[PDB]
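Undergrad: Here's a structure for you.
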Amino acid sequence: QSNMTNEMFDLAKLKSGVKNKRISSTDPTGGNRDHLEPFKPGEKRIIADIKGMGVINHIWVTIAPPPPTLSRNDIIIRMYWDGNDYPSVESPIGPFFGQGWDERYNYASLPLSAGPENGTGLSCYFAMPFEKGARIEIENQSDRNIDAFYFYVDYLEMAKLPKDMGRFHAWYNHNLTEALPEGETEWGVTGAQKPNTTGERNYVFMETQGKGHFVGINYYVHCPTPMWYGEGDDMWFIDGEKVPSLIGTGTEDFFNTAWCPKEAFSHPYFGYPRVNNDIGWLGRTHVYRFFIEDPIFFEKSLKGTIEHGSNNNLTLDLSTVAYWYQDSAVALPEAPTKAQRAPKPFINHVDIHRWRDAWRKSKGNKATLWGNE
Amino acid sequence: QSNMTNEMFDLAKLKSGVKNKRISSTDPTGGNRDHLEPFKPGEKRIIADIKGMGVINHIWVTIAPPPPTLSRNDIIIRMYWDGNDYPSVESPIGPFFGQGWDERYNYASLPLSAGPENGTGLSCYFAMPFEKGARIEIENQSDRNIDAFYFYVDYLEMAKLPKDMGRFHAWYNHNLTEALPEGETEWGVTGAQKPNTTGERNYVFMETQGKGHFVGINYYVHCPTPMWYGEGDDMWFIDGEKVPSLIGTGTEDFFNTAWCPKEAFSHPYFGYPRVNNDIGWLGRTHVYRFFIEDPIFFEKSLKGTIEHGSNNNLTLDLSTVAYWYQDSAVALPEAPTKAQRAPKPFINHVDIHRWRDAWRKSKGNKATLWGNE
Amino acid sequence: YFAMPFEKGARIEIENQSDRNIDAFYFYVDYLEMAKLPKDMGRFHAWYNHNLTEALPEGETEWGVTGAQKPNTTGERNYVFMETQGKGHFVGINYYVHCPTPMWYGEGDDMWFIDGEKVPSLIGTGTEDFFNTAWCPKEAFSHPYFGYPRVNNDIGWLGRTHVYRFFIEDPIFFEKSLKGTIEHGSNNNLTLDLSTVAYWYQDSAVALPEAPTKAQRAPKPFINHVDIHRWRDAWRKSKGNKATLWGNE
Amino acid sequence: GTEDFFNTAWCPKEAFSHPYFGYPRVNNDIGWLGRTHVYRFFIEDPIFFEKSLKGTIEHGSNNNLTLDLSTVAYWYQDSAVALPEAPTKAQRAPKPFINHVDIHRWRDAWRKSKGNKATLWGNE
Ligand code: NA
Ligand code: NA
Ligand code: NA
Ligand code: NA
Ligand code: NA
Ligand code: NA
Ligand code: NA
Ligand code: NA
């Protein structure tokens with residue numbers, strides 16, 4: 001028999017052992033109230049409770065009111081596989097679907113998109129297998145109601161889950177990173193640069209034990225300086241090795257870009273859906289990269305890290321969502337609190353004028369200092 | 001007889017006692033070398049030497065090479081009336097025609113314009129009367145040649161100059177303004193604000209003795225802070241009065257605008273042909289206002305001033321060209337030197353990162369300082 | 001908004017020279033009736049002209065690219081946009097050029113002959129220069145007195161450009177006669193489809209030259225990629241048809 | 001046709017993007033004068049061969065045109081094999097853009113081929 005194969009060729013093949021199912025917020029009366037009842041502040045609800053074996057292969061969500069009225073940073077999505085009492089997916093729902101902070105913007109990637117109206121249509125095509133059921137939970141951590149929650153959870157019921165199917169995991173992390181004691185010595189501008197010989201101060205976006213593969217990252221940086229935020233290298237520790245086997249060259253480099261960019265760009269596997277649009281790199285940037293053709297495999301463990309500026313010199317407000325598969329459904333590290341992951345204010349002309357004043361006083365408060373001395 | 005009058009009605013009236021003349025860089029051989037011979041660095045030349053009585057009423061100029069190769073800040077135009085050995089017009093030619101620094105950009109006002117190609121076509125419609133001749137001089141203060149200087153000087157020869165005709169004056173000034181000893185306390189952000197009751201430290205754009213009226217100002221600000229540069233009031237001292245009779249409210253206010261604007265805008269009498277296009281008001285802004293319907297009259301003297309920030313608190317790189325008429329051709333103050341009027345570098349992300357570092361040090365270098373503390 | 005005085009009446013006529021109907025003609029003619037017209041009021045004149053200008057016998061030697069340039073000391077072959085006898089002043093020009101080459105069309109100087117003088121007293125430097133612009137521009141631009149309301153939007157300066165200049169603050173006065181001219185390329189070397197409307201005042205209402213006919217003033221087709229490919233073929237033949245000629249030889 | 005082969009039609013000169021084909025750089029000038037980059041990937045639809053393959057394209061209909069053409073071809077085969085000799089640096093140097101001065105010279109040759117009549121428009 002011919003070994004011919006590819007996406008469109010295989011689509012033409014008849015498939016066995018699959019049955020479509022869908023859980024949605026459809027009005028059970030047949031009327032047009034096709035959303036769930038409101039969520040009060042703090043309320044949690046299991047929106048999908050599936051029994052047996054299957055594979056989720058399409059999720060769509062929308063929420064009312066839209067941002068900024070209701071921030072999607074403050075609505076949590078959690079997923080529990082195989083009857084476990086811990087979630088294997090835990091993230092603020094906006095960041096999970098590639099919508100950072102309390103913002104909204106259209107973008108499309110192969111697994112995740114936020115489509116019209118202006119980033120409110122959330123869709124996910126990651127496949128999520130399960131053997132002993134699946135539960136999807138929504139938690140309202142906002143101070144106001146979720147007036148209407150709309151969704152589709154499309155999945156294939158299977159009499160027998162194939163051999164070697166993994167379990168989908170996703171974890172949101174956040175850190176307000178610590179500058180070096182000598183200060184933010186990026187590019188050696190304010191002081192001498194030093195080597196990062198351990199990666200111990202790197203930001204950690206993923207850390208797990210098991211067998212599997214890493215498949216994606218949504219990276220949300222809020223930079224409080226106009227200085228370039230992305231000199232930092234990605235560094236991966238596979239299966240408990242002491243020296244990281246995968247070491248990068250820069251953050252834009254890791255995201256398949258170059259030369260300190262700040263341009264919107266779209267590829268099915270990587271892109272910049274939101275750029276800072278200000279002096280230098282001051283403000284917010286969202287970058288993503290999916291490792292679909294090129295996952296990062298591990299047999300025993302994986303620790304995915306990235307420098308926050310060269311040798312971790314910069315103070316950055318960083319949040320990430322990491323996506324991966326592993327052999328069984330495992331627990332995640334404790335989530336950041338609502339207060340910990342709150343979006344920070346944009347540095348503005350008043351703040352920078354105060355920096356200029358401190359700088360002028362450090363130079364003897366000479367009446368004709370330009371600013372480049 | 002009817003007293004009907006207006007611009008288009010009066011244009012239809014036959015005129016007496018005028019004859020067109022034109023001095024131009026036309027090729028005297030009839031060939032197509034319709035520009036003057038090159039100017040070496042430092043070279044001066046009288047480009048127009050008119051005898052007798054007349055009124056210049058249209059000037060056009062262009063120069064090769066164009067900016068930034070050849071800066072029009074470093075080519076001086078001077079005009080001498082009535083056989084005087086001093087100029088009554090003295091300015092870098094770009095700033096005289098509304099092209100600041102070493103830049104080029106299209107704009108149109110009623111008396112002055114810089115038209116296509118991208119601001120290289122310079123035109124002037126101010127009327128310039130003279131009774132005992134006129135001399136127009138060009139000086140190359142660049143380090144390279146003026147390869148080709150093109151011009152038209154259109155004027156009306158008159159057998160009798162009407163007796164109340166004034167003399168056109170224009171003066172370029174430049175200052176790197178001095179901050180207050182306590183620093184740049186704009187908006188009271190870095191420290192307490194204090195009153196300016198005298199205008200003693202105001203920037204001076206015009207000062208003269210005679211009878212006449214002020215008709216215009218080109219204002220070129222290069223602001224080295226993102227802070228708003230224009231809280232400063234215009235203040236005019238007419239006929240040696242101790243308290244200024246005309247006191248304004250702000251710089252954008254004086255330029256018929258409001259609320260710290262940074263948008264391109266065009267009116268025959270006022271506008272913003274070049275805006276800073278960066279964080280806050282950091283960078284370069286060109287603003288103009290012509291006082292055609294509303295001149296500032298004086299019978300003995302005029303001193304035109306403006307604050308450089310409220311109570312002159314800011315360090316600004318400021319240059320101006322002031323335009324006016326007075327009863328006779330008078331002398332001007334010494335011109336700024338080439339070094340004094342040199343364009344300043346743009347403050348950039350590296351400079352501001354150094355300000356941030358001095359500011360972090362002033363706050364005790366807490367490792368997670370955001371920037372708004 | 002031009003003011004148009006008259007002492008013994010005024011008549012405004014419309015003529016349809018199209019092959020189809022004018023379905024609807026709308027207008028306002030606002031005027032001031034005066035018991036006494038002030039005595040120094042002139043009369044408004046405007047004249048449309050059109051020429052398909054003739055290249056020099058040696059060809060279109062603009063910029064000395066195809067051959068040596070020669071001086072124009074007389075203005076003999078210049079395009080004429082206005083010629084009249086009387087006392088008055090010129091106040092404006094609408095200039096409509098259709099250039100059939102990508103070469104810059106505007107090296108030509110304006111040249112004015114006032115009151116029958118033998119040597120023109122007003123001589124310019126270039127067409128864009130005369131229109132208060134510089135450096136072979138092709139950008140839309142607007143000033144109350146001058147501008148480019150329609151630009152060629154193609155390679156070089158191939159196609160149509162409309163330029164205007166009004167002489168309101170700075171009219172060109174004359175006591176006996178005026179002849180307003182402009183070169184069509186330096187030393188009138190170029191073939192240009194040129195039309196103009198000249199506007200002026202003079203002491204009495206005078207006659208105009210015969211108008212161009214409908215056929216004479218018909219818009220010309222735009223030179224296109226097929227035409228230029230045919231030029232390339234004749235040029236390749238002139239170079240001996242080397243199989244790899246690029247085009248800049 | 002070439003645009004046809006690149007899944008387009010009607011002599012296009014518009015930027016366009018598909019995962020398998022597109023125009024990332026278009027000529028932006030009169031007609032099709034200047035530079036165009038087109039690509040097509042045969043991922044779902046490769047061109048298979050058991051023994052050999054020769055991939056060719058006409059340079060204008062019946063190869064009538066002078067074009068400056070360069071290509072990169074990508075493929076798989078059963079073993080690692082050698083390639084033809086590379087063009088030299090000088091051979092693959094980018095050519096100058098034809099400009100208004102060059103075309104005015106073509107116009108002059110064309111006018112002289114038509115008897116150098118003073119009122120030739122250009123479409124005769
Ligand atoms: Na429904
Ligand atoms: Na329904
Ligand atoms: Na190490
Ligand atoms: Na690096
Ligand atoms: Na000339
Ligand atoms: Na000439
Ligand atoms: Na004020
Ligand atoms: Na000329």
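Lettering and numbering for the structure tokens are positional, with chains as A, B, ... in the shown order, residues counted from 1 in each chain, and ligands counted from 1 in the shown order.
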Please give me, as a ChimeraX atom specification, the residues lying within 10 Å of ligand 1 when counting only C-alpha atoms and all ligand atoms.

TA: /A:24-35

Undergrad: Next, dump the selected residues to file, keeping only N, CA and C atoms, as a compact mmCIF listing (two decimals), in the first residue's frame.

TA:
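Saved as part.txt:
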# COMPACT_ATOMS: atom_id res chain seq x y z
N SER A 24 -22.56 23.19 24.82
CA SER A 24 -22.58 24.62 24.51
C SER A 24 -23.46 25.34 25.50
N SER A 25 -23.46 26.69 25.41
CA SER A 25 -24.31 27.50 26.27
C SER A 25 -25.68 27.73 25.59
N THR A 26 -26.01 26.90 24.58
CA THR A 26 -27.30 26.96 23.85
C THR A 26 -28.48 27.07 24.83
N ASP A 27 -29.47 27.92 24.50
CA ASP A 27 -30.68 28.06 25.31
C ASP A 27 -31.42 26.72 25.33
N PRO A 28 -31.55 26.05 26.51
CA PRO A 28 -32.21 24.73 26.53
C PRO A 28 -33.69 24.77 26.13
N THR A 29 -34.33 25.95 26.23
CA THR A 29 -35.77 26.07 25.87
C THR A 29 -35.97 26.19 24.35
N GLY A 30 -34.90 26.49 23.63
CA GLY A 30 -34.97 26.72 22.19
C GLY A 30 -35.13 28.20 21.87
N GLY A 31 -35.14 29.04 22.91
CA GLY A 31 -35.19 30.49 22.76
C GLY A 31 -33.83 31.03 22.36
N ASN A 32 -33.64 32.35 22.46
CA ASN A 32 -32.39 32.98 22.03
C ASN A 32 -31.51 33.45 23.20
N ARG A 33 -31.68 32.86 24.40
CA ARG A 33 -30.81 33.22 25.54
C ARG A 33 -29.67 32.19 25.54
N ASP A 34 -28.82 32.25 24.51
CA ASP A 34 -27.81 31.23 24.23
C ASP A 34 -26.49 31.46 24.99
N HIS A 35 -26.62 31.87 26.25
CA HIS A 35 -25.48 32.08 27.15
C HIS A 35 -25.85 31.58 28.52

Undergrad: I'd like the neighbourhood of residue D:3 as JSON, numbers by chain, where a residue qualifies if any of its atoms comes within 10 Å (using only C-alpha atoms), though same-chain residues fewer than 4 positions away should be ignored.

TA: {"D": [7, 8, 9, 10, 11, 12, 13, 23, 38]}

Undergrad: Hey, which residues come within 12 Å of ligand 6 if we count only C-alpha atoms and all ligand atoms? Could you give them as a ChimeraX atom specification?

TA: /B:24-36,150 /C:62-63,69-75,78,106-111,122-127,129,182-188

Undergrad: Using only C-alpha atoms, determine which residues of chain C fall within 10 Å of chain D; present them as a VMD selection string.

TA: chain C and resid 52 to 63 65 to 67 99 to 104 153 to 158 189 to 193 220 to 239 243 to 249

Undergrad: Could you take the residues named above and write them with C-alpha atoms, as an mmCIF file, in the first residue's frame?

TA:
data_model
loop_
_atom_site.group_PDB
_atom_site.id
_atom_site.type_symbol
_atom_site.label_atom_id
_atom_site.label_comp_id
_atom_site.auth_asym_id
_atom_site.auth_seq_id
_atom_site.Cartn_x
_atom_site.Cartn_y
_atom_site.Cartn_z
ATOM 1 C CA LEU C 52 0.576 69.888 -29.121
ATOM 2 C CA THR C 53 4.096 71.322 -28.893
ATOM 3 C CA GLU C 54 6.730 70.479 -31.457
ATOM 4 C CA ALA C 55 9.993 68.858 -30.508
ATOM 5 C CA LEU C 56 13.259 70.331 -31.806
ATOM 6 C CA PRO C 57 14.387 68.962 -35.248
ATOM 7 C CA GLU C 58 17.296 67.136 -33.453
ATOM 8 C CA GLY C 59 14.779 65.565 -31.033
ATOM 9 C CA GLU C 60 13.840 65.859 -27.343
ATOM 10 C CA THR C 61 17.307 66.761 -26.048
ATOM 11 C CA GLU C 62 16.091 67.496 -22.463
ATOM 12 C CA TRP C 63 18.966 67.374 -19.855
ATOM 13 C CA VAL C 65 20.464 63.029 -22.537
ATOM 14 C CA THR C 66 19.794 62.305 -26.276
ATOM 15 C CA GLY C 67 21.999 65.089 -27.701
ATOM 16 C CA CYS C 99 3.526 64.509 -20.887
ATOM 17 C CA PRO C 100 4.093 61.531 -23.268
ATOM 18 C CA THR C 101 7.562 60.775 -21.871
ATOM 19 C CA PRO C 102 8.614 59.734 -18.292
ATOM 20 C CA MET C 103 11.259 62.554 -18.623
ATOM 21 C CA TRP C 104 10.697 65.690 -16.426
ATOM 22 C CA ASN C 153 1.015 59.213 -10.357
ATOM 23 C CA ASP C 154 3.227 57.132 -12.691
ATOM 24 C CA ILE C 155 6.882 56.508 -13.644
ATOM 25 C CA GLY C 156 8.837 59.774 -13.768
ATOM 26 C CA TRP C 157 6.498 62.541 -14.990
ATOM 27 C CA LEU C 158 4.616 60.458 -17.605
ATOM 28 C CA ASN C 189 12.762 70.573 -26.987
ATOM 29 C CA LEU C 190 9.741 68.529 -25.803
ATOM 30 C CA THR C 191 6.501 67.347 -27.388
ATOM 31 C CA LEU C 192 3.892 68.181 -24.731
ATOM 32 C CA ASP C 193 0.109 68.245 -24.893
ATOM 33 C CA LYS C 220 -4.811 62.529 -25.582
ATOM 34 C CA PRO C 221 -4.530 58.814 -24.662
ATOM 35 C CA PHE C 222 -2.218 57.899 -21.805
ATOM 36 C CA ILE C 223 1.087 56.370 -22.976
ATOM 37 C CA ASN C 224 1.051 52.805 -21.625
ATOM 38 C CA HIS C 225 3.245 49.670 -21.141
ATOM 39 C CA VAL C 226 2.445 48.431 -24.715
ATOM 40 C CA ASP C 227 3.591 51.763 -26.284
ATOM 41 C CA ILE C 228 6.791 51.768 -24.218
ATOM 42 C CA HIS C 229 7.526 48.106 -25.085
ATOM 43 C CA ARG C 230 7.401 49.212 -28.771
ATOM 44 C CA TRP C 231 9.878 52.040 -27.943
ATOM 45 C CA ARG C 232 12.118 49.467 -26.239
ATOM 46 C CA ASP C 233 11.999 47.314 -29.416
ATOM 47 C CA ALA C 234 13.049 50.248 -31.679
ATOM 48 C CA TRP C 235 15.794 51.075 -29.150
ATOM 49 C CA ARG C 236 17.030 47.432 -29.075
ATOM 50 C CA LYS C 237 17.156 47.518 -32.928
ATOM 51 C CA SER C 238 19.206 50.801 -32.770
ATOM 52 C CA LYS C 239 21.707 48.961 -30.480
ATOM 53 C CA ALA C 243 19.925 39.263 -27.059
ATOM 54 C CA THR C 244 20.680 40.423 -23.450
ATOM 55 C CA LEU C 245 20.312 44.239 -23.759
ATOM 56 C CA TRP C 246 19.124 45.509 -20.377
ATOM 57 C CA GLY C 247 17.885 48.997 -21.327
ATOM 58 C CA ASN C 248 20.443 51.357 -19.748
ATOM 59 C CA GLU C 249 23.150 50.872 -22.464
#

Undergrad: Give me, as a list in words, the set of residues whose atoms come within 8 Å of any atom of ligand 3, counting only C-alpha atoms and all ligand atoms.

TA: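 Using only C-alpha atoms and all ligand atoms, I find these residues within 8 Å of ligand 3: residues 196, 197, 198, 199 and 243 of chain A.
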
Undergrad: With only C-alpha atoms and all ligand atoms counted, collect every polymer residue having an atom within 7 Å of ligand 7; state the result as a PyMOL selection string.

TA: chain B and resi 231-233+249-250+310

Undergrad: With C-alpha atoms retained, export the selected residues as a compact mmCIF listing (two decimals), in the first residue's frame.

TA:
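File written: part02.txt
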# COMPACT_ATOMS: atom_id res chain seq x y z
CA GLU B 231 2.92 76.36 29.56
CA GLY B 232 4.88 79.60 28.97
CA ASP B 233 3.01 82.89 28.39
CA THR B 249 -1.83 82.18 28.99
CA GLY B 250 0.30 79.53 27.27
CA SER B 310 5.96 78.29 33.30

Undergrad: Just the residues within 10 Å of residue B:44, please, counting only C-alpha atoms, with nothing from its chain fewer than 5 positions along; format it as a compact mmCIF listing (two decimals) with N, CA and C atoms, in the first residue's frame.

TA:
# COMPACT_ATOMS: atom_id res chain seq x y z
N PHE B 39 28.74 78.21 -4.57
CA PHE B 39 29.30 78.97 -3.45
C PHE B 39 30.24 78.06 -2.73
N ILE B 75 22.95 78.40 5.63
CA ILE B 75 22.98 79.33 4.51
C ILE B 75 22.24 80.55 5.04
N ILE B 76 22.90 81.70 5.06
CA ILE B 76 22.30 82.91 5.62
C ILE B 76 21.77 83.79 4.52
N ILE B 77 20.58 84.36 4.74
CA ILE B 77 20.02 85.38 3.86
C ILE B 77 20.07 86.71 4.63
N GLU B 137 21.80 89.49 0.02
CA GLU B 137 23.05 88.75 0.14
C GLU B 137 22.83 87.34 0.63
N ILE B 138 23.59 86.39 0.08
CA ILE B 138 23.59 85.00 0.52
C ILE B 138 24.97 84.65 1.03
N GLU B 139 25.05 83.99 2.20
CA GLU B 139 26.34 83.55 2.75
C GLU B 139 26.31 82.05 3.02
N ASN B 140 27.29 81.33 2.49
CA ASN B 140 27.37 79.90 2.72
C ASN B 140 28.19 79.66 3.98
N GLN B 141 27.55 79.29 5.10
CA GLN B 141 28.29 78.96 6.33
C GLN B 141 28.44 77.43 6.49

Undergrad: Which polymer residues have any atom within 12 Å of an atom of stretch 345-347 of chain A, counting only C-alpha atoms, with same-chain residues fewer than 5 positions away left out, as a PyMOL selection string?

TA: (chain A and resi 101-102+221-226+276+278-279+281-284+317+352-355) or (chain B and resi 226+279-280+356+369-373)

Undergrad: Dump as a list in words the residues of chain A that approach chain D to within 9 Å, counting only C-alpha atoms.

TA: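 Residues of chain A within 9 Å of chain D, counting only C-alpha atoms: residues 5, 6, 7, 8, 9, 267 and 268 of chain A.
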
Undergrad: Considering only C-alpha atoms, state which residue in the set B:90, B:82, B:157, B:49 is at the smallest distance from chain C.

TA: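 Counting only C-alpha atoms, the residue closest to chain C is B:157.
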
Undergrad: Give me, as a PyMOL selection string, the residues of chain B touching chain C, with the criterion being at most 8 Å (counting only C-alpha atoms).

TA: chain B and resi 1-2+8-9+11-15+18-27+29-32+34-35+57-58+60+62+108-110+114-117+120-123+125+150-152

Undergrad: Here is a test: counting only C-alpha atoms, which residue of B:37, B:186, B:10, B:241 is nearest to chain A?

TA: B:186
